[PDB]
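Okay, structure first, notes after.
When we count neighbours, we look across all protein chains shown, and the Cβ atoms used for this are built from the backbone with ideal geometry, even at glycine. Where a number appears in this text, it was derived from the coordinates with a stated rule and is not lab data.
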Amino acid sequence: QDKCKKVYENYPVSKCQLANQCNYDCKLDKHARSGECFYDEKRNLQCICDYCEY
């Protein structure tokens, strides 16, 4: 698979500064493995829920 992390759909960026938020939530709100706030070559942070990444 060319992907193993599902973006927490919407999710008000507001916070997105460190772990916890996306991490914890993903670790349960989406039965994921982990997560964190990330962006692309555009400057847009979102809560990424990781399914396969340690």
Worksheet, complete the sentence: All conditions in (1) part of a helix (DSSP H, G or I); (2) touching a residue at least 24 places away in the same chain (Cβ under 8 Å) are true of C37 except (1)
Discussion item. For a quick check of your reading of the model, give me the residue pairs whose first member lies in region 4-27 and is assigned to a loop (DSSP other than H, G, I, E, B), whose second is surrounded by fewer than 14 Cβ atoms within 10 Å (Cβ to Cβ), with beta-carbon atoms closer than 9 Å and at least 6 apart or on different chains.
Written reply: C4/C52; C4/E53; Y8/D29; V13/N44; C16/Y39
Worksheet item: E53 passes all but one of (1) outside any loop (DSSP other than H, G, I, E, B); (2) surrounded by 12 or more Cβ atoms within 10 Å (Cβ to Cβ); which number fails?
Response: (1)
Discussion item. For region 1-23, give me each residue that is charged (D, E, K, R) and in contact with a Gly (Cβ under 8 Å, 6 or more places away or on another chain).
Written reply: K5
